[PDB]
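Participant: The structure's right below; bear with me while I get my questions together.
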Amino acid sequence: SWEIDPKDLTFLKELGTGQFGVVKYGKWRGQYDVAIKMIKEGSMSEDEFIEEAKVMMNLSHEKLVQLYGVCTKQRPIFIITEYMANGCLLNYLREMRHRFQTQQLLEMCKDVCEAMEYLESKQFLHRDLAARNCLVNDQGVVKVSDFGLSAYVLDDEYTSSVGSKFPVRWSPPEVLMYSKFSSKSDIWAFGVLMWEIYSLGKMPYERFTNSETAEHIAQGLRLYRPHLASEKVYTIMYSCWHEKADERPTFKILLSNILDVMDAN
Ligand SMILES: Cc1c(NC(=O)c2ccc(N3CCCCC3)cc2)cccc1[C@@H]1C=NC(=O)C(Nc2ccc(C(=O)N3CCOCC3)c(N)c2)=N1
């Protein structure tokens, strides 16, 4: 619904390519740092996104990467978002592995959990929560990126649960078996994200293929406790992986659990 005037955007740097194509760093009206997705023709269900984009812009929280506005009067369309100078969390963890204290790792989990509790309170699903889809700003704050955009991807390798781009390693059994998305499937993904954080960016179920991961988690295999996770922290991430969705906590409960560990530490 905020239709940004493209004349107000100055492109400054190439940030790379994602599922929707080229992303650039720029400024709005010469001042505000933004990231700009240039949506590659054919990569996105565009009429569907435009019809629904206002709901996503209305999601406002300090730990969400803001979707500020769109440019849809031309092609390619633009999606204008909050710029995050330290890039995606996955690379941030891997590039600074020897600099983190365990207190900082728990704070990253708290940042993400606060954003997800807000989304949960709006009955809004992320659907592709993972360290690769969190970003880090210049002061080390972690924020959740591209919530809700998974629904608009046009790429059978990503939308099929047996495709090579589907986020199998972050998916609960009921997503892999039935495509049943809910707040509780975001909960499962959050647990895997906690594991990514405390493993300093290792790949979950490394050496397993996607289908081997699906087979074995459906039979009860679970990710081991990372060395840097205390047992209290591991209990929190493990609670996200109950086979039955209704036995998984809410993000409200997870946040309370994380704050309790902080107060104890
Ligand atoms: C997001 C994204 C993608 N990806 C998508 O667009 C996308 C993802 C998933 C999708 N899926 C479908 C929809 C649902 C989810 C899954 C769809 C699209 C690709 C390129 C860039 C970006 C962003 C966005 N905003 C930023 O602020 C940012 N910032 C920085 C800052 C510094 C750097 C940097 O160079 N360095 C770091 C600092 O030290 C030096 C090195 C960098 N590389 C990036 N990059």
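Residues are named by chain letter and number: chains run A, B, ... in the order of the structure tokens, numbers start at 1 in each chain, and ligands are numbered from 1 in the order shown.
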All residues within 8 Å of ligand 1 are required, counting only C-alpha atoms and all ligand atoms; please report them as a short mmCIF file (atom, residue, chain, number, x, y, z; two decimals) with C-alpha atoms, in the first residue's frame.
Facilitator:
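After the write, part.cif holds the following:
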```cif
data_model
loop_
_atom_site.label_atom_id
_atom_site.label_comp_id
_atom_site.auth_asym_id
_atom_site.auth_seq_id
_atom_site.Cartn_x
_atom_site.Cartn_y
_atom_site.Cartn_z
CA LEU A 15 24.10 -6.94 -2.68
CA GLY A 16 23.78 -10.18 -4.67
CA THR A 17 20.94 -12.38 -5.91
CA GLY A 18 18.18 -14.24 -4.08
CA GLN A 19 15.13 -16.30 -5.03
CA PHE A 20 13.52 -13.20 -6.63
CA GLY A 21 16.65 -12.02 -8.44
CA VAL A 22 18.87 -8.97 -7.93
CA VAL A 23 18.95 -7.08 -4.62
CA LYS A 24 20.56 -3.65 -4.29
CA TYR A 25 21.58 -1.33 -1.47
CA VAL A 34 17.22 0.63 2.19
CA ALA A 35 17.50 -2.69 0.42
CA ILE A 36 15.63 -3.03 -2.88
CA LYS A 37 14.51 -6.33 -4.36
CA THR A 81 12.99 -3.06 2.97
CA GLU A 82 15.05 -2.08 6.02
CA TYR A 83 18.78 -2.18 5.24
CA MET A 84 20.88 -4.41 7.55
CA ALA A 85 24.60 -3.67 7.25
CA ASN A 86 25.96 -7.02 8.53
CA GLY A 87 23.98 -9.18 6.12
CA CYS A 88 22.37 -12.52 6.79
CA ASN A 91 27.10 -15.82 7.22
CA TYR A 92 27.48 -13.54 10.27
CA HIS A 126 6.59 -16.74 8.29
CA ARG A 127 6.79 -20.16 6.52
CA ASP A 128 10.56 -20.05 5.82
CA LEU A 129 12.25 -19.13 9.11
CA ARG A 132 19.61 -17.47 6.08
CA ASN A 133 16.35 -15.48 6.39
CA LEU A 135 19.56 -10.25 8.93
CA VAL A 136 21.95 -8.43 11.29
CA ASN A 137 22.32 -4.66 11.58
CA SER A 145 13.44 -11.12 7.09
CA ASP A 146 10.94 -11.86 4.28
CA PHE A 147 8.14 -13.18 6.51
CA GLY A 148 5.19 -14.30 4.40
CA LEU A 149 6.94 -14.03 1.01
CA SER A 150 7.44 -17.80 0.62
CA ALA A 151 3.82 -17.99 -0.56
CA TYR A 152 4.58 -15.97 -3.73
CA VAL A 153 7.56 -17.96 -5.05
#
```
Participant: Where does DSSP see helix (DSSP H, G or I) in region 30-265 of chain A, if you list the residues as a PyMOL selection string?
Facilitator: chain A and resi 46-57+89-95+97-99+102-121+131-133+149-152+156-159+168-170+173-178+183-198+210-218+231-239+245-247+251-264
Participant: Of the residues A:175, A:131, A:79, A:106, which is the one nearest to residue 233 (chain A), using only C-alpha atoms?
Facilitator: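 Once distances to residue 233 (chain A) are computed over only C-alpha atoms, the minimum belongs to A:106.
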Participant: Write out as a PyMOL selection string the set of residues from region 77-131 of chain A that DSSP, computed on the backbone, places in strand (DSSP E or B).
Facilitator: chain A and resi 78-82+88
Participant: Select, from A:243, A:14, A:51, A:196, the residue with the minimum atom-to-atom distance to residue 109 (chain A), counting only C-alpha atoms.
Facilitator: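 Ranked by minimum distance to residue 109 (chain A), first place goes to A:196.
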Participant: Figure out the distance between CA of residue 59 (chain A) and CA of residue 121 (chain A), please, to one decimal in Å.
Facilitator: 10.6 Å
Participant: Could you pull the residues within 7 Å of region 210-221 of chain A, counting only C-alpha atoms, minus those fewer than 6 positions along the same chain, as an NGL selection string?
Facilitator: :A and (168-169 or 173)
Participant: Write out as a PDB file with C-alpha atoms, in the first residue's frame each polymer residue whose atoms come within 8 Å of residue 10 (chain A), counting only C-alpha atoms; drop sequence neighbours fewer than 6 positions from it.
Facilitator:
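Contents of the output file part_29.pdb:
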```pdb
ATOM      1  CA  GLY A  26      20.382   2.247  -1.909  1.00  0.00           C
ATOM      2  CA  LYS A  27      18.884   5.330  -0.267  1.00  0.00           C
ATOM      3  CA  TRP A  28      15.380   6.771  -0.143  1.00  0.00           C
ATOM      4  CA  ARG A  29      15.351  10.569  -0.675  1.00  0.00           C
ATOM      5  CA  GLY A  30      19.121  10.698  -0.336  1.00  0.00           C
TER       6      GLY A  30
END
```
Participant: Show me, as a PyMOL selection string, the residues that have an atom within 10 Å of region 260-265 of chain A when counting only C-alpha atoms, minus same-chain residues fewer than 3 positions from it.
Facilitator: chain A and resi 103+106-107+110+230+232-233+236+254-257
